[PDB]
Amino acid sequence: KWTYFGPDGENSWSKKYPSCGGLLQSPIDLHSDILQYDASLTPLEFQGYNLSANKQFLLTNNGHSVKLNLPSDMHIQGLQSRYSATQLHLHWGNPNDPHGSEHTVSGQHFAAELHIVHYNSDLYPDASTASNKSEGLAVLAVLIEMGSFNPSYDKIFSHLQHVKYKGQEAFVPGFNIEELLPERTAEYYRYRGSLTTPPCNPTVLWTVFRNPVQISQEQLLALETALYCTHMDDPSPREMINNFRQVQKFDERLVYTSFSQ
């Protein structure tokens, strides 16, 4: 039982989930003092991201975020194991302070952040089993800023009203998941970290793309206002807002970059 606000909020996660007070925690502020260019980092290749429009994919409000299930045929190459997709989900702020990304860059939050979660399918049978094991997970993070209307993100956002409450599910027709990625994916930040939610396992290889994408003011407000953390029938409904973790200490370590300027 955990939240992002109140008694069971992030400073208390370590009570029930010891790893939330352990090693390698994410997210972090990405800033120049902890960055080191690594010329060996290569562009990731995204395979099977173009999902068939004749297929459909489950969108679930899980009480903490809205997730879209992704098929294990979607994978990334360019890492030292094949990683296969499991789901994507988002983090955001609130209409009074619409700056809810998890990673920050030079101190600055972006409006929101997409995570595409993959698991090490060379070592592990599925995502759950991978999640608390060495080299288990790889997550792609895309920073989102307010800007132009984004029809690709609308392929998810247009279904939000069908997953308003915890446990509610809706199907989303296949679309090209690559369209959720930015410009010049070749430039990114890379570091070893953790899940940013309980149980906070330090088993995540992060890739945060350097370049943000844009979604409109209206799209971001729709995201921030659409969802609730609680089930329909909860006596005390709670809006799903500010579902991002504060940045963690990141000391005597380095984030590697695929870009040197």
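Here the rigid core means the biggest group of C-alpha atoms that line up within 1.5 Å when the two forms are laid on top of each other. All residue numbers refer to positions in the sequence shown, first residue = 1.
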Exercise for review: Please work out whether 198 to 206 or 231 to 239 has the higher root mean square C-alpha deviation in 8 other deposited structures of this protein relative to the shown form, with the rigid core as fitting region?
Suggested key: 231 to 239
Point to revise | Selected stretch [higher average CA B-factor]: 120 to 128 or 90 to 98 | key: 120 to 128
Exercise for review: Between 228 to 236 and 203 to 211, name whichever shows the higher mean Cα B factor according to the PDB entry.
Suggested key: 228 to 236
Review point. Among 217, 61, 56, 26, which residue carries the highest C-alpha B-factor recorded in the PDB entry?
Key: 217
Review point. Sorting the chain's CA B-factors, does residue 30 end up in the lowest, middle or highest third?
Key: lowest
Exercise for review: Just say lowest, middle or highest third for the CA B-factor of residue 70 relative to the other modelled residues in its chain.
Suggested key: middle
Revision key, fill the gap. So, residue 51's CA B-factor, relative to its chain, sits in which third? The middle
Review point. Lowest, middle or highest third of the chain for the C-alpha temperature factor of residue 157?
Key: middle
Practice item. Would you check the entry's CA temperature factor for residue 189 and let me know if it's in the chain's lowest, middle or highest third? Key: lowest
